[PDB]
Protein chains: 2
Amino acid sequence: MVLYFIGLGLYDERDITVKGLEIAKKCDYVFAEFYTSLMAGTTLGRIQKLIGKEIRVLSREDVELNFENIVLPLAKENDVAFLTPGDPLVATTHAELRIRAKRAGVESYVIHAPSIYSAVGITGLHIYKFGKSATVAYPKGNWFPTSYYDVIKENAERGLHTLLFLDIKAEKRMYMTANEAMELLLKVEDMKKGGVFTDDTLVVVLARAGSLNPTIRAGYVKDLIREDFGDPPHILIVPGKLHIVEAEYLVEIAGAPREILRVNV
Amino acid sequence: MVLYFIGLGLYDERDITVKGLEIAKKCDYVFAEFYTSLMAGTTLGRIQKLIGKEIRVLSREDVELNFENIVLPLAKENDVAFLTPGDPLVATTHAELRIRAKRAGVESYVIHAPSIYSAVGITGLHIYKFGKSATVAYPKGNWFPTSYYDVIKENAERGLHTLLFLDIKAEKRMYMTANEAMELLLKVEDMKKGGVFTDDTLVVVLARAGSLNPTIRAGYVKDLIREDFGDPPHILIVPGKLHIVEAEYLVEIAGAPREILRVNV
Ligand SMILES: Nc1ncnc2c1ncn2[C@@H]1O[C@H](CSCC[C@H](N)C(=O)O)[C@@H](O)[C@H]1O
């Protein structure tokens, strides 16, 4: 009688850890949510096939409002698993679900999986140099979010890189592209005018991390803003001051302009 | 003609992803390094048994100085795998190895796995609030490194959390404990008087992330500095101001004192 939070990883059903798979295979009931992120290289059927269990998919409302009514009751007399894309506790509010488990008298365990938060290491930028992270959210009605702009400014001022998670509307199947994120940032720049994000800003785009051939591109906004980075999901990164080795990798592997090799120490 | 950088994950031999395992099994040659970090919950023998392949371990010199003489040659006419603890390319020196592969006319692909960088999400602390990361190094002789202290100060000053990787003697397989790390930080504080790390500082300890039974503890230095957190590896976190949700998770899941709900939020 336990509840497992198991990550499925970055792109396809094989991104789950062996540990996660062996445990999931022996669970009595398996639930999952696919609104926190997009696994562009698999399907529900393929995941169900690998795990050998029927997976009941829950919506954001089912989880946030009724996790304790849909999942926990069964976990009191059975072995239950809750699957999520990437790592179950990264850039989600799932951690709070463990408190609900505790209050319901259900023990919970966490099985990690590859997360975009660490996968950005494939961009060649030193992981320790990433500062505060942010999410570029779709404007709605008369509300235009801009907090992510201040995050970039604060990090850049310290010479730190900024990871920008991009918005997603799973039910409407809308996945923000790096292009849309850039357009939104240029608009915020025109408004706040802090010289934080302009056409001359160096940015890095990582699309479909986890696949064998993700798209990794670095360059100036003026050149990348209309570039096709392939299918979603996408992540946008605004580097801070670069180490020479970071620049070399962006040039050699991400096709960045050779001029960035000349860092301004 | 192909080199695969495959992550082994967090703690034991089952932390590799299904993708990594299946690729590793089909490789003609398998190399590995255990100097960036160790896999405390398993052994080289258990890893070999799972992959069903003999594994040649490479030292830091083998990699940094002779990667192109030891690994790439075989990668020219065979499928070769390079196993690393955690997620590949999180360790700062690994990215460059992909440039070496390119230079040698060898294709390289990255198969991700869980990293402690993302696994800390299990502490209940929001991942976006983590700032710059640092490593607490053992002082030696006349050398007393303290840059990690400044990292904490700069992050906390901006309300950000600080992830502290603890020193390790890979060869001797000796791990710095969170207790030793706290002792060191108090020493640095007494030297800098920045008021950054004291007996009243709230800290979080995560031990054996990846294991089904990690130790997650939160509390003030004065109370945790002599506490037993179990077997290595240990990770130390100095959180910044907490969101009430983070505090409630630390209290309910990490046994933090109720006091944090009024002092650190
Ligand atoms: N494979 C991938 N490639 C690029 N971006 C990705 C990605 N997976 C997730 N993201 C990014 O992160 C957002 C979801 S945030 C949830 C992240 C998840 N728990 C994890 O551990 O990765 C997406 O909208 C996208 O911007």
Side-chain angles (χ1 to χ4, degrees), chain A residues 5-17 20 32-42 60 63 82-97 110-123 127 130 133-138 148 162-182 184-185 203-217 229-238 254, chain B residues 7 9-10 17 19 87 90 110-122 126-128 130 209:
Chain A
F5 288 82
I6 308 172
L8 294 182
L10 307 160
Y11 186 70
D12 57 63
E13 76 289 337
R14 293 199 303 169
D15 290 322
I16 184 177
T17 60
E33 61 86 350
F34 290 103
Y35 62 81
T36 56
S37 183
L38 178 65
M39 294 189 79
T42 188
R60 182 180 288 276
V63 176
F82 177 56
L83 316 173
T84 74
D87 180 292
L89 305 182
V90 170
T92 76
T93 53
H94 289 333
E96 174 276 318
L97 297 177
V110 179
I111 311 303
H112 302 282
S115 174
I116 188 64
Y117 185 63
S118 64
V120 291
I122 196 175
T123 65
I127 292 298
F130 277 76
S133 303
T135 297
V136 181
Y138 279 122
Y148 51 92
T162 304
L163 173 62
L164 299 168
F165 293 97
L166 305 190
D167 210 358
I168 170 185
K169 300 295 181 175
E171 281 175 49
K172 301 178 181 177
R173 293 182 182 176
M174 287 188 75
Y175 314 104
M176 183 182 281
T177 60
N179 312 78
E180 299 180 313
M182 289 184 240
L184 289 171
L185 275 162
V203 302
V204 182
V205 178
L206 177 56
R208 305 177 305 292
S211 64
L212 280 290
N213 290 290
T215 297
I216 311 175
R217 289 277 301 112
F229 302 111
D231 296 329
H234 291 183
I235 207 68
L236 181 68
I237 293 172
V238 177
Chain B
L10 301 162
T17 64
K19 179 180 291 172
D87 193 14
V90 160
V110 182
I111 298 75
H112 298 279
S115 168
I116 187 62
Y117 186 65
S118 56
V120 287
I122 193 168
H126 302 321
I127 239 59
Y128 81 94
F130 279 81

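Counting starts at 1 for both ligands and their atoms, in listed order. First the proteins, then the strands, lettered A, B, ... as listed; each starts at 1. When reading the values below, keep in mind they use all heavy atoms of this one structure, side chains included, and skip hydrogens, waters and symmetry mates.
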Could you pull out every donor-acceptor pair under 3.5 Å between side chains of residues 33-42 of chain A and any protein atom, sequence neighbours left out?
residue: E33(A); atom: OE1; partner: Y35(A); partner atom: N; Å: 2.9
residue: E33(A); atom: OE1; partner: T36(A); partner atom: N; Å: 3.2
residue: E33(A); atom: OE1; partner: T36(A); partner atom: OG1; Å: 3.3
residue: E33(A); atom: OE2; partner: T36(A); partner atom: OG1; Å: 2.6
residue: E33(A); atom: OE2; partner: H94(A); partner atom: NE2; Å: 2.8
residue: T42(A); atom: OG1; partner: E13(A); partner atom: OE1; Å: 2.6

field: Sorted by chain and number, the residues that approach ligand 1 to under 4.0 Å with a heavy atom
entry: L10(A), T36(A), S37(A), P85(A), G86(A), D87(A), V90(A), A91(A), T92(A), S115(A), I116(A), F165(A), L166(A), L206(A), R208(A), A209(A), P233(A), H234(A), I235(A)

Please tabulate, for side-chain N and O atoms in residues 115-122 of chain A, each donor-acceptor pair with protein atoms closer than 3.5 Å (sequence neighbours left out).
residue: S115(A); atom: OG; partner: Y117(A); partner atom: N; Å: 3.2
residue: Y117(A); atom: OH; partner: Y117(B); partner atom: OH; Å: 3.4
residue: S118(A); atom: OG; partner: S115(A); partner atom: O; Å: 3.3
residue: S118(A); atom: OG; partner: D87(B); partner atom: OD2; Å: 3.1

Side-chain (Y138(A)) to main-chain (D167(A)) donor-acceptor, under 3.5 angstrom: no

message: Which residues pass the ring pair (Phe, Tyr, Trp, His ring centres under 6.0 Å) test with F130(B), not counting sequence neighbours?
response: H161(B)

query: Do the side chains of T162(A) and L164(A) get nearer than 4.5 Å, heavy atoms only?
result: yes

field: Taking every non-hydrogen atom, the tightest pair across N213(A) and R208(A)
entry: O-NH2, 4.1 Å

